[PDB]
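Structure first, commentary second.
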Amino acid sequence: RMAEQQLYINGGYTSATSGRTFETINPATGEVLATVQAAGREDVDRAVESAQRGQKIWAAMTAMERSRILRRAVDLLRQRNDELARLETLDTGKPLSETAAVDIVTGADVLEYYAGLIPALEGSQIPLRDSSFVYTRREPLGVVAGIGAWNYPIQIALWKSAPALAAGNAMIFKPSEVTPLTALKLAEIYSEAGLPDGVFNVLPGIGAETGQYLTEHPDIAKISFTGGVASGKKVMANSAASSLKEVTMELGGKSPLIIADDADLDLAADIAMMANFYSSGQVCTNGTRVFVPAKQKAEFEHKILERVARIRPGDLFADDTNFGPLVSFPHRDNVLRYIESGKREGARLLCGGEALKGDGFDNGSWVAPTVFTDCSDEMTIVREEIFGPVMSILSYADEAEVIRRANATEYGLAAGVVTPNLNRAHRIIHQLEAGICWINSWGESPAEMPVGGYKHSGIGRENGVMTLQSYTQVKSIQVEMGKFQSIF
Amino acid sequence: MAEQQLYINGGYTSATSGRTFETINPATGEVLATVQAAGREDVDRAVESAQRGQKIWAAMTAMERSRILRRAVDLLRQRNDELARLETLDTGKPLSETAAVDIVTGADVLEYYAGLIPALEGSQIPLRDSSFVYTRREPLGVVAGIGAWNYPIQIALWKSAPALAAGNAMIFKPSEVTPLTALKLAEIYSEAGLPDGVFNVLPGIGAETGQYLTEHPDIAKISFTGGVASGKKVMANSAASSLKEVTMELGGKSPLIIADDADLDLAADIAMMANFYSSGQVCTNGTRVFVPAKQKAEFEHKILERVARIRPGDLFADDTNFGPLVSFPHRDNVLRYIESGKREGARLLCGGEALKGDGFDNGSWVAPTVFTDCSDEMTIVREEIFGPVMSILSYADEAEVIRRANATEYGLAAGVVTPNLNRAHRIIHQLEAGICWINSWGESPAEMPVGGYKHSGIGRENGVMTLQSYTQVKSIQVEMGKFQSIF
């Protein structure tokens, strides 16, 4: 359909020297959207050298000069929101009702946030004594690398590149092989806004190749990766063994949603629905273990059924469509394997449990919105991240128990509680072992709010002031004005 | 000394590994102690102990924690000389150093963080009238510190102080070369009122105890100080096992840049202190000394004159300022580097051999060694030696010396000597190192974050930021409006 997609290095498109290509498909039709060139080792070397030269120019500008350029990129993203959203829908299978409202909106929200913070990035000064003081500089890391995931392709590209660029770095970005297209458009926009050549380069490729070449490269100072829990362990280990790179990891979760016995069950069901079936369940922070008091569980199940009836699959460009196919057919096969395991392990199928078939579904990787109830803590669907539309409903009896069971996992990304009670809301949330916690809501991730995982769900944070700072490195400088004394 | 047990849950307890090792007095070769090594089940015991202790510790008020760490400071000051003598026996470093630096600056950092506990704060962010966010700086839980042998109790204090002050429990593994003072520190913490399990000490071997710590599923963070190669393996194993947070303080090949307007007596004094303290066994040492071509001859004479002042001898004598290296294997390695310097064409200015004779034949002594006429591709210029070996390099201009200073995978420290305002700041701002000294070397105040660029480290120690990096951020959104679902 579209032309063979080249690499983006040094302010324009350039052919890869790898001689290798891959295809990206439209998950709703199975059609090939584009043939895409894959960056090889020499391509990564070209991108790093380009990034080194560009970073020097970028860092030598004033803080406000950098701010204005990133703000111009925000302006262009707002103007092109709908066009970029359509492309993202084609590449991901997510409904346009989502991509036009969330993906570029919130990606640009973070770029806009960091653009305004650049002049506020400051070091410290510490007096030691009348004759000596220390000051610190927050220096750029230099060239850093971002490795994106396929569920929010351009949003992730913006959330990694915005603080990296605002901190004075160049970033080489590798999009998921599943969804390479919008990251290339972002690089065009950055260049149009005045970003120096080489400061944002985009290298499509395969993880086993391009991703590894980046984590091994000797001149890249930091790796930021978003993806699966197991993949993150390998990326971090490779980043360390090659050259001791700094690392950020934003990985998966099995986040608990705790419904208190004083919660309004319409509200609780609304939150559970949004925590499970947005982006067809392909969200790392989803509240996929839903804990409900035994005395409310039957009514809660009814309310879930009543809202599952409001899920509308269909034309991804239609206004009322709010549910899409999964990103790929192998992913659907994995999600169906998890569903079959829930049935086989004795969970009660409340709804769904099968692929969608028939007119307008036979060419996409559709899975019906699936709810299991009567679940138990040892079940595979309860223990493991599924990354599809599968909610697990778990009965509980008391507050201490549900806190224990919520925390009894190696994941630790998000969590939430539904309660009108002041004390319950704060005291329960304070005990949960997760980095992202919602009270009487789910999913909102303001640019101001640092987000990331506890335990196996992540390293470091994205968003907030702290992430601008973590794309710098601290240099301490002591000025000694007294006469230095040697003991020799 | 008696057979040294593990320290778990507020007292000594026998290891179950079936393994012991010996620590040697580097000045005499005598065995100081047989020490038990913590095995896999022992690490498990320590983590379970730490988990229960951490809960009690974190439930106290901020000032209750502050007072306990301050009482530990008071005990460290009272016992400074006794602890220094033990550290001298275990490390070979002169008592003139250990009694003035190791416990003084270790306790300085504990005292610093004890006062900061009440200031550890989260944030609050208004989103709209109906919703706001607040953050909590929560303990990581159980963390592990793995120390190096050159500053054993100082490193134990620099890792445990912010870790404990942030509300964590720490399991600490000292170097097998120097296990003894970390056990004394654990006794002192308990005597000060630290809850049982909050500071456990597990002597052992790196490939066993250290590996088990990096692999354990319930340890949230590893902080390691040691060699560049070892740090890469610790970080990679910490990642592969359970995605632990990491801090790495590794080695360096730090450049000292002498400007052509520097007073050469000052430059030589700084070079001496940057190369021969602790017999050169210091990660931040300024072991590439760049001197302008026109000053190089006189600088070499000034170094020779000060090298002659070095006093090797009885480690407990007041005038001794130079000790043996920590171990006979380490001496063998340092001598191999010195031989490569000779083989590769560097001009030996002084030293270059083991010390022999009265008072030296039973210790791992190496003479203070200076090479000059060095070039950038020599092995002694490229690689950290961790012994008393200075490399003097001629340079011609400022742009050149900055490139050559930065042309290394290391990135720990650097310094410049110049009375000129513009030179001092402009050069330092261009160096790729985390710790930079102007007209001085070595001072590491508790307030000052320290760590490496590039292969020399991950994260930082000391300063306010290290208290914060021993917490993890939890973000909490309070939604007071009516949640909207699209389903």
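What residue, among those in the stretch A:260-284 that are over 22 Å from A:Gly388 (Cβ atoms) and not small (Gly, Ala, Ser), is nearest to the other protein chains (Cβ to nearest Cβ)?
A:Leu267
Go through the residues of the stretch A:390-410 one by one and say whether even a single one is surrounded by 16 or more Cβ atoms within 10 Å (Cβ to Cβ), closer than 11 Å to A:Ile339 by Cα and either touching a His at 6+ places or on another chain (Cβ under 9 Å) or aliphatic (A, V, I, L, M) (or both).
Yes - at least one qualifying residue is present in the stretch A:390-410.
Can you tell me which of (1) away from chain B (no Cβ under 13 Å); (2) in contact with a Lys or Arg (Cβ under 9 Å, 6 or more places away or on another chain); (3) closer than 21 Å to A:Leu265 by Cβ is the one A:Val417 doesn't meet?
So A:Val417 meets the others, but not (1).
Could you run through the stretch A:309-338 and say how many residues are in contact with a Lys or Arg (Cβ under 7 Å, 6 or more places away or on another chain), in a loop (DSSP other than H, G, I, E, B) and over 17 Å from A:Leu33 (Cα atoms)?
4
Where the second residue is of a type in the set (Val, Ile, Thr) and part of a helix (DSSP H, G or I) and the first is assigned by CATH to the domain that holds A:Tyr152 and within 16 Å of B:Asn237 (Cβ to Cβ) and lies in the stretch A:226-237, which pairs have Cβ atoms under 8 Å and are six or more apart or on separate chains?
Taking only residues 6 or more apart or on different chains, the pairs are A:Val235/A:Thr215.
Among the residues of the stretch B:347-356, are any part of a loop (DSSP other than H, G, I, E, B) and in contact with a helix residue (DSSP H, G or I) (Cβ under 6 Å, 6 or more places away or on another chain)?
Yes, because at least one residue in the stretch B:347-356 is part of a loop (DSSP other than H, G, I, E, B) and in contact with a helix residue (DSSP H, G or I) (Cβ under 6 Å, 6 or more places away or on another chain).
Check the stretch A:456-469 and report whether any residue there is more than 23 Å from A:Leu141 (Cα to Cα) and not in a helix (DSSP H, G or I).
Checking the stretch A:456-469: not a single residue is more than 23 Å from A:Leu141 (Cα to Cα) and not in a helix (DSSP H, G or I).
Report yes if B:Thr98 is of a type outside the set (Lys, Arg), without any contact (Cβ under 8 Å) to a residue 24 or more places away in the chain, assigned by CATH to the domain that holds B:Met170 and touching a helix residue (DSSP H, G or I) at 6+ places or on another chain (Cβ under 6 Å), otherwise no.
For B:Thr98, the condition - of a type outside the set (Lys, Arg), without any contact (Cβ under 8 Å) to a residue 24 or more places away in the chain, assigned by CATH to the domain that holds B:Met170 and touching a helix residue (DSSP H, G or I) at 6+ places or on another chain (Cβ under 6 Å) - is met.
Return yes when A:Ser131 is crowded, with 17+ Cβ neighbours inside 10 Å, out of contact with any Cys (no Cβ under 9 Å at 6 or more places or on another chain) and within 14 Å of chain B (Cβ to nearest Cβ) and no when it is not.
So A:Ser131 does not fit the description; no.
Could you tell me which residue of the stretch A:51-104 is nearest to A:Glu444 (Cα to Cα), considering only residues that are part of a helix (DSSP H, G or I) and of a type in the set (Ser, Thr, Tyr)?
A:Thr99
Can you find, within the stretch A:455-488, the residue that is nearest to B:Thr284 (Cα to Cα) among those that are among the polar types (S, T, N, Q) and more than 7 Å from chain B (Cβ to nearest Cβ)?
For the stretch A:455-488, the residue satisfying everything is A:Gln485.
Kindly indicate which of B:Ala156, B:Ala169, B:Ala186, B:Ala165 is hydrophobic (A, V, I, L, M, F, W, C), under 14 Å from the mean Cα position of the chain (by Cα) and buried (at least 22 other Cβ atoms within 10 Å of the Cβ).
Testing whether each residue is hydrophobic (A, V, I, L, M, F, W, C), under 14 Å from the mean Cα position of the chain (by Cα) and buried (at least 22 other Cβ atoms within 10 Å of the Cβ) leaves just B:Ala156.
Being small (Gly, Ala, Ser) and in contact with a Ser or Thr (Cβ under 6 Å, 6 or more places away or on another chain) is the filter; apply it to the stretch A:137-185 and report the residue that is nearest to A:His331 (Cα to Cα).
A:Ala149
I'd like to check something: does the stretch B:285-300 contain any residue that is within 14 Å of another protein chain (Cβ to nearest Cβ), among the acidic types (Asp, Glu) and surrounded by fewer than 24 Cβ atoms within 10 Å (Cβ to Cβ)?
No, because not a single residue in the stretch B:285-300 is within 14 Å of another protein chain (Cβ to nearest Cβ), among the acidic types (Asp, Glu) and surrounded by fewer than 24 Cβ atoms within 10 Å (Cβ to Cβ).
Out of all the residues in the stretch A:1-50, which are more than 26 Å from A:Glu192 (Cα to Cα) and part of a loop (DSSP other than H, G, I, E, B)?
A:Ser18, A:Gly19, A:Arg20, A:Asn26, A:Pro27, A:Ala28, A:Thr29, A:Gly30, A:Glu31, A:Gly40
Got at least one residue in the stretch A:442-454 being within 7 Å of chain B (Cβ to nearest Cβ), within 24 Å of B:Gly434 (Cβ to Cβ), buried (at least 19 other Cβ atoms within 10 Å of the Cβ) and touching a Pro at 6+ places or on another chain (Cβ under 6 Å)?
no
Under the condition of being within 22 Å of the chain's Cα centre (by Cα) and in contact (Cβ under 8 Å) with a residue 60 or more places away in the chain, which residue from the stretch A:418-437 is nearest to A:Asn276 (Cα to Cα)?
Here the answer is A:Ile436.
Condition first: more than 30 Å from A:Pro180 (Cβ to Cβ), crowded, with 21+ Cβ neighbours inside 10 Å and within 12 Å of chain B (Cβ to nearest Cβ). Can you find one or more residues in the stretch A:302-321 that meet it?
Looking through the stretch A:302-321, at least one residue is more than 30 Å from A:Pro180 (Cβ to Cβ), crowded, with 21+ Cβ neighbours inside 10 Å and within 12 Å of chain B (Cβ to nearest Cβ).
Basis: the model, the stated rules and, where named, an outside source; no laboratory instrument gave them. For neighbour counting, all protein chains shown are included, and Cβ atoms are generated from backbone atoms with ideal geometry for every residue, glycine included.
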